[PDB]
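Enquirer: Residue numbers (PDB author numbering): 16 to 94, 102 to 160, 169 to 196, 206 to 269, 310 to 635, 641 to 870, 943 to 999, 1007 to 1223, 1229 to 1530.
Yeah, the Cβ is synthetic: ideal placement off N, Cα and C, and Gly gets one too.
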Ligand SMILES: Nc1ncnc2c1ncn2[C@@H]1O[C@H](COP(=O)(O)OP(=O)(O)OP(=O)(O)O)[C@@H](O)[C@H]1O
Ligand SMILES: [Mg+2]
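1) With respect to 7 angstroms, is the separation between the Cβ of residue 1431 and the closest non-hydrogen atom of ligand 2 below this value?
2) Decide if the segment 705-723 is in contact with the segment 792-808; the criterion is three or more beta carbon pairs, one per stretch, under 8 angstroms apart.
3) From residue 761 to residue 770, what does the alpha carbon distance come to, in whole angstroms?
4) Considering only C-alpha positions, which residue in the set 961, 1352, 742 is nearest to residue 816?
5) Assign residue 317 to buried or exposed, taking buried as 16 or more other Cβ atoms, counted over all protein chains shown, within 10 Å of its Cβ.
6) Counting only runs of 4+ residues fully inside the segment 407-482, write out the alpha helix (DSSP H) ranges in chain order.
7) State yes or no: is the C-beta of residue 684 nearer than 7 angstroms to some heavy atom of ligand 2?
8) Buried or exposed, going by whether 16 or more other CB atoms sit within 10 Å of the CB of residue 386?
9) Output needed for residue 1475: all residues of its chain with C-beta closer than 8 angstroms, excluding positions within five of it in sequence on either side, in chain order.
10) May I ask you to check if the CB of residue 437 is nearer than 7 angstroms to at least one heavy atom of ligand 3?
11) Within 10 angstroms of its Cβ, does residue 963 collect 16 or more other Cβ (buried), or is it exposed?
12) Helix, strand or coil, according to DSSP, for residue 841 in the structure here?
13) Which one of 1128, 462, 1026 has the shortest CA to CA distance from residue 1195?
14) Measuring only from the beta carbon, is residue 1428 closer than 7 angstroms to any heavy atom that is part of ligand 1?
15) Using the beta-carbon count (16 or more within 10 Å), is residue 652 buried or exposed?
16) Who are the near neighbours of residue 79 in its chain, counting only those whose CB is closer than 7 angstroms to its CB and skipping five residues on each side?
17) On the DSSP letters alone, give me the boundaries of the beta strand (DSSP E) that residue 697 sits inside.
18) Can you determine whether any heavy atom of ligand 2 sits closer than 7 angstroms to the C-beta of residue 714, and answer yes or no?
19) What separation, rounded to the nearest whole angstrom, lies between the Cα atoms of residue 641 and residue 947?
20) Just checking, does the segment 682-689 make contact with the segment 733-741 on the three C-beta pairs under 8 angstroms criterion?
21) Around the C-beta of residue 1115, are 16 or more other C-beta atoms found within 10 angstroms, so that it is buried, or is it exposed?
22) Can you tell me whether residue 447 sits near ligand 1, meaning its C-beta is under 7 angstroms from at least one heavy atom of the ligand?
23) With DSSP collapsed to three states, give me the class of residue 324.
24) When you compare the segment 1247-1265 with the segment 950-961, are there three or more beta-carbon pairs, one atom per stretch, that lie closer than 8 angstroms?
25) Using 7 angstroms as the cut-off, classify the Cβ of residue 955 as near or not near the heavy atoms of ligand 1, replying yes or no.
26) List the endpoints of the continuous alpha helix (DSSP H) containing residue 156.
27) Please classify residue 856 as buried or exposed, where buried requires at least 16 neighbouring CB atoms within 10 angstroms.
28) Between residue 739 and ligand 1, is there a pair consisting of the residue's CB and a ligand heavy atom that are separated by less than 7 angstroms?
29) Counting beta carbon pairs with one atom in the segment 42-51 and one in the segment 374-386, are three or more of them shorter than 8 angstroms?
30) How would you write the range of the alpha helix (DSSP H) that residue 187 sits in, first residue to last?
31) Say whether the segment 1201-1220 touches the segment 359-374, bearing in mind that this needs 3 or more beta-carbon pairs closer than 8 angstroms, one atom from each stretch.
32) How would you write the range of the beta strand (DSSP E) that residue 1308 sits in, first residue to last?
33) Mind reading off the beta-carbon distance from residue 1326 to residue 1378? Whole number of angstroms is fine, and I expect it under 8 angstroms.
34) Enumerate, from N- to C-terminal direction, the unbroken beta strand (DSSP E) stretches of 3 or more residues contained entirely within the segment 1423-1456.
35) In the DSSP output, which residue or residues are listed as bridge partners for residue 667?
36) List the endpoints of the continuous alpha helix (DSSP H) containing residue 1185.
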């Protein structure tokens, strides 16, 4: 090796020894270092074995022949030079390793080899170099090399084709080149250009990324971790699960850094050749070719690294969602109260996003130091032994930034904890929107949600401040280090030789150092956010687990054999069931009776292993079917609700439908048992829900039935019919154990055992006959008798996002920030341009100091502007997020009830949880980066145009070739993002539906089907998400290669056309980067803008009538008498179907108690909706005290009309907040109301009294005590209209009489419209007006109706009052 023949001569020729040693050691060596490592992948990853094909054999045979040929050389050498022995043998054995490798790759099922193609490629290049040398030299050993080269070339061509496999994703069957270039997606891309993509174009999900193939691994690893540590660390299981696939990203990142650092060196060498005519031209071309191949390989390896990181993040998100769902289905009640529904919704919505953000930057926590250390070491041997001073700066800056970052972790904890409270509050708002709108409590909760949002948005401002200050130090680090090391370098010794050339090199290198330190703030912020989101996930996954071994669920004497067990709702709270002991024989109908909050329902929940056992033995035998007190209904057709995971059996299904009085219900529905039933059963009535919930349990034939009051909402006749045909001894369940919890006693004589439970312990136990002779606590009670698809789905828009969206976001940000931020951007970029100009243009130690001072001033000015615009962008983004949340909340609240009926409660959760996450976090940073890239591009174009008049006809084409591909990419990226969000919404819907009814699912042992449904929905979401990232890589690969094809032309021109412009080579290198970056950023912003678009989607939806009308204002004492009078009133349930009320005309007098009563599906709960303007009246006019209701607003009417809703619902927070959320009543007033509603005897014993912490939706209370709270609210309001929408249904007889007496006493001067199914209360009323089929039938006093022997007489006959 000497420079005369290898570099100095115009003939590019390697030396003979170099040819025979290094050129042969390179390829053989590559396979030797990769071979061992490759077994890891070949072993850990398997796909079967490929069959015997001609291609595989062709490759194997050529591998055998190639080895022979190489050993044939050793034979001829055996037949002086030392290299003529070792080299042929080494090549033969590495060749024997190559053929063995394709063999094992066949065995392990790999169609395209990631090593063979590269191995042959490198071998080919080495052979090409020797080939050219051997053909320039000119039989004996040359012909062996020609045979070797031809065989290697054919082997390389063969290795490109993909072998046979052992609407799927093409990634599995794509060839190596297609996989490395992401070619296989281009079809979708061009498809997205023809017409917008739909969900059907989105391909299927790979088997490796599927939910059922990812979640079980993490779940098993978590069980192992939580079993070894009898507290476990979530980090250990997380990396043990997601490390083997991620280490490839580490390898690719190392290669990308080692190849990127070569780029500037090759550029510098090229710019010295072009600026020199004393070097053989061949050297210049070689430089351009080397730069081109280096840039191409750099982009390929970088984009492989990025794809691996993104895929790992996607898998992490899928695993996190699956594990959260499984734990939520497994969680216990106490932990469920501790870990609110907002916490779970945040865990599978914003937390995984933090993990995928961490996935991109975790690989940089070693790359950035590595680059910094490499640059510092190279400067050590470039400038001298004075760079250590710069080290001191890192020792005086890093700790500060670390201390500052540590404060952010205590600032993100409150940010991610004040988000769960808001999400929980909005979940309770959406679950009980009907009551929250019937009580006019809209702004009472609108001004309450904007009290946890502004607590969550303030810590965001503080964290943004700490992030801007943290990036300030990183942006000023280089210049400060330069100043410190130069101040030391001059004094470190007599080395004051800061010559322009040296100073120039050091300054350019220190500028290069800016790239590793410009990504550190994002890495640190992502690490902090991921640790904050890791703590919460570890806490949630470490909660207490329900124990199904507490109750011996023996399969199949006595079905239930409770043995003095003392159950409790939570570990620390005092027990609720004390010393319960009973034994129910098989088939014996048992009726639990007592009072409100006595433990009747708690007993069934304790027999379901849903309630903690202090001690005792329970042996409920068989399969248990549960009918909850509040019916649980999903969003499917009524037929599937009845089936509930069972195949249809006409013989049984028809009998079940007939028995539970469902034929009358399956005749008024639009299409019988094929109509969409709504998310929460809103399509059904209050009594039909109970019948459907009972039919679901009856169809699922079990051995033990725990009926928690299944006849608490149906009228007397239908209840009798159901009991006789289902629950009685002559029904379908005549040979099944039935714990029929009942409040109103009518079938007690037909009971077998009557459990009288009071206080919490079984106070009495015996049949009807054995309880009439006790003459005690309970005997005196008996003596005294006390198709269209209604729910739609989120639909993506087709086309470009309207600028209106951009305009609304800009208006949300404001004007002052929209100009100050732009000014800071522009000033920063112009300062950078001048710093680059001066360092370059200006390239006398009096000048050296001046140059150093001005450079430091420019760097500090750049840092100041960077910090300033980061602050401005963060503040503007927070302002925009606040405004957007306010607008979205107002739009949701102002929407009518029908909107909530047709929109599933997973779209709203999506807008308020995930889209808001994007608006707060991703959009500001994306806008900042896009603005920076755009301004950089404009500045670079300007500086080229000003300093090069010739380069004026290339700017328009260069802009066009990038604008066209930008459009071609965004046209599909927008639709991919839209489908991602649309497919995501269902997941939230399913999570809410499951979390609502966990108890029923556990009781029916039907967890697997719901787990599979959640897996399917998450699979659809990831099917929508994966093409987005794949298209991201495709766009970048094409752009970074298209721009890289240009620099090649510039380099060649600079070289080939110089004697007959050294700047263009670097200009193309510099500008193309800005152009590509800019394009990417634009697309990114566009995609994120989609989120804002969806937040706007609810604005155009038609809303309710104006809440307050100032022109039409009622007097303060407007309801003087409450003379309700319906004139021609007809209400239509939905616009398509027919009228539900046909020309009713009713004249109610002031203060006259009305007792509206009718059969099921008679439109009883239509006057209640109409009187509150819940649904606009197609025709008719309700007039209260001479003023039409339709003319007044809404809040005026709502506040002044009291209602007791059919479904008792208690919002989260304190018990007081469920009474006066406006805080308009004193403590004494509320306490008087409590004793008025007969609840003071329960709240007093509570340790927190009035401020007791209610659970999510009120499960902390009973169902009768939740109705007593509604009665307390009605007493507190105390208004002259008291429509009772089927109230007092879930309370015992004596409590019913007590609250009836309270209503009769304190509400004897109001126009109360008591809709009820218990006719005994309606008997002592002034008008018992009857509705039958939407038309008026009876009109008069109850006595007149009874004597008329009409419909009401038959109704009186059915109940048992005649
Ligand atoms: N989810 C819960 N968390 C905590 N305590 C609860 C919960 N559910 C019930 N309790 C406690 O158990 C008591 C009894 O409730 P339960 O609903 O069993 O009474 P009940 O008499 O069957 O009610 P109802 O008359 O409405 O049928 C409540 O008053 C409350 O103290
Ligand atoms: Mg109950």
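Expert: Walking through what the data contain:
1) yes
2) yes
3) 13 angstroms
4) 742
5) buried
6) Within the segment 407-482, the complete alpha helix (DSSP H) runs of at least 4 residues are 412-417, 420-425, 431-440, 443-459.
7) yes
8) buried
9) When the five nearest sequence neighbours on each side are left out, the beta carbons in the same chain lying within less than 8 angstroms of the beta carbon of residue 1475 are those of 1450, in order along the chain.
10) Only ligand 1 and ligand 2 can be found as ligands here, which leaves ligand 3 out of the picture.
11) exposed
12) strand
13) 1128
14) Within the cutoff, so yes.
15) buried
16) The beta carbon of residue 79 is closer than 7 angstroms to those of 121 in its chain, skipping five residues each way along the sequence.
17) 696-699
18) no
19) 48 angstroms
20) no
21) exposed
22) no
23) coil
24) yes
25) no
26) 138-159
27) exposed
28) no
29) no
30) 172-190
31) yes
32) Where residue 1308 is concerned, there is no enclosing beta strand (DSSP E), given that its DSSP letter is neither H nor E.
33) With 8 angstroms as the limit, residue 1326 and residue 1378 do not qualify as a contact, their Cβ atoms being about 29 angstroms apart.
34) The segment 1423-1456 contains, as complete beta strand (DSSP E) runs of 3+ residues, the segments 1450-1453 (chain order).
35) 645
36) 1170-1219
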